[PDB]
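*Asks:* an experimental structure, sequence included, is below.
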Amino acid sequence: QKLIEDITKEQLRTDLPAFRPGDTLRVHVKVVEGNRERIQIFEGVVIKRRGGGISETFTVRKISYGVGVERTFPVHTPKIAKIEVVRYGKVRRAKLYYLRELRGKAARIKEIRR
Amino acid sequence: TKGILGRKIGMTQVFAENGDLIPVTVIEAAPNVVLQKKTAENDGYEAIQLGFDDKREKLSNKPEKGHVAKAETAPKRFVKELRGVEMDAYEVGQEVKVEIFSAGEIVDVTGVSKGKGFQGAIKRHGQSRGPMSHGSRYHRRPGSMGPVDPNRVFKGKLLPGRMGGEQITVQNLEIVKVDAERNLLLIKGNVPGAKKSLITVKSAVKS
Amino acid sequence: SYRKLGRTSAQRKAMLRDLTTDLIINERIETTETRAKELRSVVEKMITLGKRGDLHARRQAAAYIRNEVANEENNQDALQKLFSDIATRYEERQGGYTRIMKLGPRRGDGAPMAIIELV
Amino acid sequence: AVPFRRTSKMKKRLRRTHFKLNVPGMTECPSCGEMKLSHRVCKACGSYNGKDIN
Amino acid sequence: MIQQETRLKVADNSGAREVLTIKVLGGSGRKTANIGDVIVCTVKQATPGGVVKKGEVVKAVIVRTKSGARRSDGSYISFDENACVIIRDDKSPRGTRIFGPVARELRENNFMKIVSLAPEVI
Amino acid sequence: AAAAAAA
RNA sequence: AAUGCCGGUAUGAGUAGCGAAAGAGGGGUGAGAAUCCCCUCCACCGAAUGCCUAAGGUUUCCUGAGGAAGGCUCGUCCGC
RNA sequence: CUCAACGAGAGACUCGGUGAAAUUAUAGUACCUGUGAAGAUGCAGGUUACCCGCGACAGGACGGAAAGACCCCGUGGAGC
RNA sequence: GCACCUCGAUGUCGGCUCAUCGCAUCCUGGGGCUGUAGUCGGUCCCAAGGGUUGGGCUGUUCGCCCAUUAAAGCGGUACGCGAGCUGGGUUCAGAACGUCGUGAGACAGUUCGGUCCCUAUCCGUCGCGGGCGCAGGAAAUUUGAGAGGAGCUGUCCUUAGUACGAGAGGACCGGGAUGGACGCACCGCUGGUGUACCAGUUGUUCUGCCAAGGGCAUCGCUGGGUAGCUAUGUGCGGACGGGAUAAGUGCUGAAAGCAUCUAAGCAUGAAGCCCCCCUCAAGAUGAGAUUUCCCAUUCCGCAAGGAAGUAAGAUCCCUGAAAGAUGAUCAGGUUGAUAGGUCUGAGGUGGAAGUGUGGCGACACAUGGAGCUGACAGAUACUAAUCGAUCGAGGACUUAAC
């Protein structure tokens, strides 16, 4: 798969900070509404980090108005303008599927400060 | 028309000029050497022969070595005809490369599909499945062969057998990017066949 | 893809451990050909584990080597034999510690037999 | 699942055309012979290219 | 992926609380609808104070699903619940207020007033 | 009747 | 020419089956060993798949040879 | 189920050993339309089809298995 | 209705699965007449190419109702299909209700419960092989006689609120997007699975013990997951068009000085037809065609012809999968990366053991994105693809030029 790596090495997004699959961060998403492009902030905890180089995707989950919203972005997309890590969490596994049923303090007692 | 034939490597994803994400199939398809030109006054039709992926002299026969002696090239693994190209526009031994395709064009992609082995009627023909409960002993079976009156099964009754290994053509795919340095074609969409198998990319029937 | 050899996965693991350890003591065993082909990669992986010589590789090898006596009147276990004789014998060689030599078919079931040896 | 008619002798012999089995890949053993099937150790001398390995 | 006999909660101030899907309106046809499709549905549970009563056969458009809706940029969105907003047989909602987040795919259709009445559009 | 109940 | 009786031999056909559930290796005997003996691991039952004691069978128990037929395969082994 | 997709084991598949049964007038045993005891592999006219196997399905051979159990007859019988 | 065939057995309703055929056409396509102003309609033609739904009730077909749709069409095929499937109802043996009968019992009156066997011989169908032929033996590439697949359509915007219409209402034709169902491929995403991947954890047993591990308890259970296979995921298709046409619309025209779609000659005209789209196709015994190798030995048979060795080439045997039940196909066999091992990576899991620190301890922290890793890549002959053997042609005769 080294030829795929040489193809997609030019389009990797190398300015993004490194983040673990168990911390909270905010995503600056560029959305086109017509004509002005507002940048909405999506703060929430990372749930997934599924690898594959250019096919790498990450999932961010937040609770908005009592309904949980899961949103998945590819890592190297140009739609994301900037990624800032709010705080680092201490987790025991790379997939956080358990906390999408643990409202609300039961997720807070698991996402402790690192 | 124009066309070229080669080996596909695998699939990847490429975003291009926007935020949109495109599934991309990677094909090594260069260089191709013109081996034989078919003429109407001798062969009865107009076509050209393209050779790809030259091999060692140990794996080639003496007729294979003599057939490529006219084109001044090594013997090649894959030989296929293209019909009908714009006659003549190519001489015998001229290298066909990936520069003939621009990265906005619409092409036809054909190849031998992946083998599935001897499979049942549910997977091979998409037939619906019998009930698993309410006393039923019937599931995963092809069905009734037909009526009683002909005293025979009609030809074309769909039955379990070998799936795959046949030539499949996918129409109207789009070239995402062309790589002249590394001999690569980036094609939007899915391409039939397994990895490192022979893929022929020809220009689509427009319009 | 690995072979199933007509066994349950637990039976597969037990039979592979038995054949690996029995090859490690007796240094030449005669099995079927497909059992030899499934056994040789596991045996060279365990020899590679014995190459390192550290405590963690030895504790990895202890989870696979069964507790049978290797050398008589010396009280040497097989796990000591990997890290004393086989690793020092194959220090220069990089892979290919076993070879398979085919024999004729068996009388009782027509099974093609093979000789396995540490080389 | 019941045979309507019995099979005749000629149809049975035509079905038994491919029931025969082939001659094995047997070759001259370079040590003693004779003979030795290909890619196996010789049962007579116990040699294989060309050491006596038994 | 909203099906026949799928129970959705109602995410506006119309009065209904839980509703049961009768039919997907697209085509002859499909048995599944995801986001932005209009479904015929009947009210199973409702508040005592509200214009919509129990047992009424109404029309609603899906605003939230837990199935991952795909966008052109490779992004995905999914919720923890299935929700819908009841409409007066055109694309205007019954209730004056809308609760909960709303997916952006309603803006691709001409669903402007439900998006404008939403507290948050993702 | 013609009941298929052969034993 | 009785869906006749008896005996012999075909077709189906080298086809179905070979009857719950762990074996592996190294030595030994032998003309012949996946099936017999020994050893070392591994596995199963364990309010039993353990011990004995009726009914019942009656020699099937032990030793030394043997392998024809019977072990739904083999057999140097056996309740033969 | 919509709507099915994988994974494990046993059989089925291949090889080695052993190895039946129901059935069976002989058989070099296509299709369509007619004809015929009125529903044809064997008849007529036409249309197709090199020879021999292996793995599958079961439309036909009014398939096999039981001298239909229903209905009727017997100057039959049996039980009430 | 009759009783021609079957009582030394032709399984009978309704559903499930798989379909196929005919239009007396439900929609879509093309038209005539309309008391057709336009949309929507009515009737009658040509047209089977494609498609003709999800439920509630009842064993039910049918039927009624709810919600859609372009429409939810009629029938035949043993009221298609039980050696393909179910027995809810009819249709056994038990027991009740109502009625009739003194009674045993009876009821196309009702209700509860009630054994559905078959290892495919032949023809048929779906796939895969081995021979021989195709006047020499081979390796490739192919034309196409023929055959199969596909064929469906909704909504929105313009033209245009235009034509038409007092208003309300509202186009034909022509363009551009977006869907439903179906089909073909493939997973790069989203997920599923992933019994030789990683981690946590319970009970018992074992490695003499702690620590660390092994066995069994559904893979013991739980949380994830590589490759492969997958849809519910993604990409694509039914596009634009030619020729002869059906119903219709006609042109020029006489029989019959007129008239006339026709008797001669020319058109136009449909989702029908034959192609263009895809696939199999020279066993198409009518066995085709192009390119390139190998050559014309020996011995008998005076002729025909027959044996032995061989060239080009292929096979036996072996390593394997992009293939696969087995054959077959494909990549390869020591001037070589075919598989395994080794090394370095990708991905997965999540911070190994040991040591040290803090705590009475359960435990946490550092060494340390650590340790481990099945099929995923790239290098590397370390191991196995050894030596070998078998098959494989000397090219018939006429006719025109050479």
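*Replies:* Great, that's in hand. Numbers count the residues shown, from 1 in each chain, chains lettered A, B, ... in the order given.
*Asks:* who does the residue of chain B found nearest chain E form a beta bridge with?
*Replies:* The nearest approach of chain B to chain E comes at residue B:21, 3.2 Å away (CB to the nearest CB). Every residue, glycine included, has its C-beta placed from N, CA and C. Taking DSSP bridges as the rule, residue B:21 bridges to residue B:15.
*Asks:* wait, it sits on residue B:13?
*Replies:* Yes - using CB atoms under 8 Å, residue B:21 is in contact with residue B:13, at 5.7 Å.
*Asks:* tell me, what's touching those two both at once?
*Replies:* Counting by CB atoms under 8 Å, 6 or more residues apart in numbering or on different chains, the shared contacts of residue B:21 and residue B:13 are A:74, E:74.
*Asks:* higher neighbour count, those two?
*Replies:* Set residue B:21 next to residue B:13 and count neighbours by other CB atoms under 10 Å in any protein chain shown: residue B:21 wins out with 21 against 18.
*Asks:* returning to what we had before: residues contacting the residue of chain B closest to chain E?
*Replies:* A:74, A:77, B:13, B:14, B:15, E:72, E:73, E:74.
*Asks:* now for the first one, how many residues are close by?
*Replies:* Think residue A:74. Count around residue A:74 with other CB under 10 Å applied: 23.
*Asks:* from chain C, how far off is it?
*Replies:* According to CB to the nearest CB, to the nearest Å, residue A:74 and chain C sit 32 Å apart.
*Asks:* for that residue, give the beta-bridge partners.
*Replies:* Here residue A:74, judged by DSSP bridges, has bridge partners residue A:57.
*Asks:* residues contacting it?
*Replies:* Residue A:74 makes contact with A:55, A:56, A:57, B:13, B:21, E:74, E:75 under the criterion CB under 8 Å, 6+ apart.
*Asks:* measure it to residue E:75 for me?
*Replies:* In this view, residue A:74 and residue E:75 are 7 Å apart by CB to CB, to the nearest Å.
*Asks:* same check, this time on the fifth one
*Replies:* Applying CB to CB, the value for residue B:15 to residue E:75 is 12 Å.
*Asks:* ok, the second one next?
*Replies:* Using CB to CB, we find residue A:77 at a distance of 7 Å from residue E:75.
*Asks:* burial count for residue 31?
*Replies:* In the absence of a named chain, this looks at chain A. Neighbour number of residue A:31 under other CB under 10 Å is 16.
*Asks:* wrong chain, I was asking about chain E
*Replies:* 11.
*Asks:* doesn't it lie inside a strand?
*Replies:* No - assessed by DSSP: H, G, I helix; E, B strand; the rest coil, residue E:31 does not belong to a strand; its assignment is coil.
*Asks:* contact partners for it?
*Replies:* E:3, E:4, E:24.
*Asks:* now narrow those residues to whatever sits close to RNA strand I.
*Replies:* Within the set of the contacts of residue E:31, contact with RNA strand I (CB under 7 Å from any atom of the strand) is found for residue E:4.
*Asks:* among the contacts of residue E:31, which are located in strands?
*Replies:* Among the contacts of residue E:31, the members found in strands (DSSP state E) are residue E:24.
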